[PDB]
Structure formats: C-alpha cells, structure tokens
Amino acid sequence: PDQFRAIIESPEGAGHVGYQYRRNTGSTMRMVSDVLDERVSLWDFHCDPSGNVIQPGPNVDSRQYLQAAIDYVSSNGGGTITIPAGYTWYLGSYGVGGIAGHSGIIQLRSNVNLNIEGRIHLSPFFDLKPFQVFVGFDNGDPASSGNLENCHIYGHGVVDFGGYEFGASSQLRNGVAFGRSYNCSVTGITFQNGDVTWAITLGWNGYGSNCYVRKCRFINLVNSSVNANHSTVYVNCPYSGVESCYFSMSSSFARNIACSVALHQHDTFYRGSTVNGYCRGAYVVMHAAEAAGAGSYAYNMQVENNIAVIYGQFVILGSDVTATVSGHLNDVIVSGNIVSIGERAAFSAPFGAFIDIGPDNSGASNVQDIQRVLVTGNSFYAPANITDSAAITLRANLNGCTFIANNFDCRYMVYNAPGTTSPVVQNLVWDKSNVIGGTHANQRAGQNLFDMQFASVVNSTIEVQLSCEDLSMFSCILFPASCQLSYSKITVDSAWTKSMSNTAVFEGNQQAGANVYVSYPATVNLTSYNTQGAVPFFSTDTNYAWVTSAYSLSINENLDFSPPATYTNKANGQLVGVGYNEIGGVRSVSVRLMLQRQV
C-alpha cells in the first residue's frame, strides 16, 4: 500500500478516488477522474513533453497546445474547449498541413467548440505578414476541402490582432475562416486592434449553411494605408447572417476602405447592428465567381434595423458575370435602418449614398441584373456641406428598385454623374410617401434634386414631394436629351414650388412620349380675345402640344374679368381655356399652372 500512495500521486490517482453524486444511492459509482473528464480546457494540453504545465505569456507560443486540444477532442466526437479567463494566450507560428495554404494558425474541427473566456493575442512573429487565425478548411485547395460542421466560438473573451500593419496590399488577414461551413457560429467575442481584411468569413463560394455572427464586437480592425480592402463579416454561404453586433473604426483609412458586412448568397441577413467610422454598411452582391455552392442567384437578402454612421455608402447592390456564369440579384429588403454620413468635407471620401447601384470590380455597368428590391421605412441624413450625398447613386444598369415611406435628408435624391456611365434603368419606383428633408436647402445652386443621367428610363415612377422650399436648385428633376424616357410617371407636387423657375425639365422634350404620364407646375402667359362674356384665353407660347389639361395655381386679382380655371390645348401647341369678361377687352395675364399629361 506504498503502491496506493504511489497510484494516488500519479496521473491516474483521480481514477482511483470514488465519487457518487450527492451521496445518492441510485447514482452511478464513478471516479473523480470521470467527472473531471466531463470538461476540458487548454490547461489539459498546455504542457511540455514531460507533462509539466507551461504558463502562457508573450514569450510562449500557445499554438501547438491549442491544436493538440482541438485534435484530441475531435477524436472523441466533439466537445467544448475552454480558453481560460484571466490569462492571455499568445499565438506565435503558423499551423501546418491543410491550413498552411491559407496562412492558418489554428485548424478548427467539426463538433469542437471553443469557449473563449480569456484573451488570444498575436505575437510579433506575424507583423507585416498574412494570417488567418482560425481556419475551418482541411486542405490547401478549398475546392478539395472537406466541411466544417457544428463548430461554435463563443464567450466573453477577446481576439486581439496585436495592432500589426499589413506588409503588402496583396496579403490577406482573417480572424475566423470557417471554410465550407455548416452550422457554425461566433457569439459574444470581441475582435480588436488590427489591420485585417475580414474578422470573420462564413462559407466558401456558396458552400455552407446556417452560419451566424451574433453579439460580437469589432473594434479598430483597419489601421494602415497598405490595407487594400476590408469587410468585417463576409457571408458567403446561404441561410446565414449577422445580428446584434457592434462595429467601430477610428482610422481615416477605414472611412475609405471598410465595410461592416458583405452578403453574397441567398437567404442572408444583417440586422440589429450598430456601425460607426466605416466607409460602407453592407455589400449585397451576387458574384458569378462565387456561385458554385448555392446557385447563381442572391435572393432573400435582408438589411434591417441597423444604426450607422458611415462615410460612403450604406448598402451597395451588385451582380456580375464570368465567362460561364451570370450572377443575379433579386428579392432584397432594406428597412428600418437609421443612417447618417459623418462629419466630413465634401468629396473627401467615397460618394455618400444610402443605396448605391455599383458597377462590377472591373468598372463595367452593363452586366448587372438587380431587381425586386424594396427600400422602405429608413432614415438617412447627410450634413448640409456634403455635396456628394444621395438617397441612391444609380451608376450601373438597374432592372428594378422600389422606394416607399423613407425619409431622405441629403443633397440629391436620385443621382448619377454625367459623362460617366449611362445606366439602363427599368422599374425604378419613387413613391410619393418618401419625405425629402431640408438640411440641404439653399445649397443646390446648379444642381438637380433628381438628376436623371441615364441612357434610358422605362416603367419608372418618380413622385416628387417637397416639404420645404429650396429655390437654390436648378430643378426638382431633370432629364438630359440623351436619356430616353417611356412608359413612366413623373410628377412634381406644387407645394413649396411656386417661386421655382424650373420644376421638371425634359431637355429632349421626352414628356411628349405617348406613354409618358407627367404633371408639374409652370408659369404661363396668356392673352384673351376682346369679347364681353365667355371668352377664350390662349397661351402666347406654343410649347404645350403635349399637355392634356392644366389648371390654375394663381389667384385672380381682377374684378372685371377672370382667366379660365382650366385649360386644354390646340394642335399648334398653345393652351386654351374659357374665362369670363364682365366687361370686354383684351386681357393679358401671367398665371402659375399645374401642367398635366395623361394624369
């Protein structure tokens, strides 16, 4: 029984000490080691070859120990490994095997969860180098990778990227690359103090399902001019999403390169999150080059109930093609978001927009197939000095987008730069229930509120309603002569428009088209015949051959006569109405009319 003492102090000691839960006679007779075996931590693998525990710290590379933990638990069919609180665990080398191709540090495995309670930091070994901290691929070539299933990272802990800048723009950096990922998630974790490309990526070219980021924080993850691009969470598998997250950047470079979320496959969502200091809110794009796993269509895309202060564009819609695949984007909803462009000089960052219809990465504007988008019940505000702010910058072909019950307070409502791209536009619908704010009133000299710089516009509705005066603007809406316009409805409500010289402008007289339905205010000079009694008044100009009716928006300050209340036209392009001369005499008046065509 020296033997006994010896057994007890050995590593098998706890397997010799009996235990029965709460002294319950119906409970299993076990050994202490069995109960301790119900949980597992990094401390169970963070040892030297003699089995002595090693303390973590800035001069200890914890990577091989965490790997051994994950490998072992994997072997038993899964479990959760805790990364203990009250310690910082440094990683100091790359991983080996399948994740080496991805610059991987740690390889994730199916059914093995990590509960990160303490902090994981990157050591300076990784300064100026690429890295992907957690990698769910098992092969250098992702196309020959197996899947990562049922892997969850959660807890109150922290992944800190050590503040190192990128060494070259062509490098990639990631926190969690889940890979071909099914039922994987990240919950509760703070990712901070980096220059990276993404914090988390979900899926790989459409392969994956049911991947989620929830209640995480992403802080200061861009810090250098070297960083080519950033999207904090990249969602590349369907039935996946980001909710209730917090995203914050403080670097100037983030204002030009960083986006909070990229949704790239069907049935994906971005909800309930707060963003500050980023260039962009979310990309919603079907890339043909990423369509292998879930088809060529991004549909059922939701961006809802977010709060953002950004410097560029809130939501960016896109689709593109490759030699063998064509991407399509449809069935999108953007709702309940409250968004503002932060304080900045005009033109000092990418052009401010709530919605951008962007060209593809090669700058092409004639590849897109975006339709059935609903933008509703959102608020948007840009400070008065930011010339480059729009409800929508429509810079590439659009096959449909519907706006209802939004409140836009920025420089333009609809915009595209002239002499850039000439988008083909179908089914753009701007309902009268969109409220146009007044922050930019008096700033619009030389500018058109809806600046329709497109190749063509068809099956579209623009119902302009102002809610305060802005007599600085050139017009409420303007179509250049190069824009064709057909089968559309364009109206300008008269409220706050009485002193405007131009309300709607059709530089190619496009409002005359057979299936164009318009109404807008204009000032018209009329002259009557001399006849006492019922008497016609006629416009002095002959520009009104397209008008179906017109009615007065002016009071009559005369006693001895009245001009017609309503007008029709004549073949020569004059307006004509019947007024009344109590006393005879040729009359001459200037009257503000509502001009109507087919409405």
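Numbering starts at 1 and follows the sequence shown.
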item	value
Given 47-55 and 533-541, the range whose Cα B-factors average higher in the PDB entry	47-55
342-350 versus 429-437 - which carries the larger mean C-alpha B factor in the record	342-350
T232, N139, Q302, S185, ranked by C-alpha B-factor: the highest one	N139
Selection from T201, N385, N76, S379 [criterion: highest C-alpha temperature factor in the record]	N76
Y212 CA temperature factor, ranked by third within the chain	lowest
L42 CA temperature factor, ranked by third within the chain	middle
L114 - Cα temperature factor, lowest/middle/highest third of chain	middle
Chain-relative CA temperature factor third for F561	middle
Chain third (lowest, middle, highest) by recorded CA B-factor, residue given as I555	middle
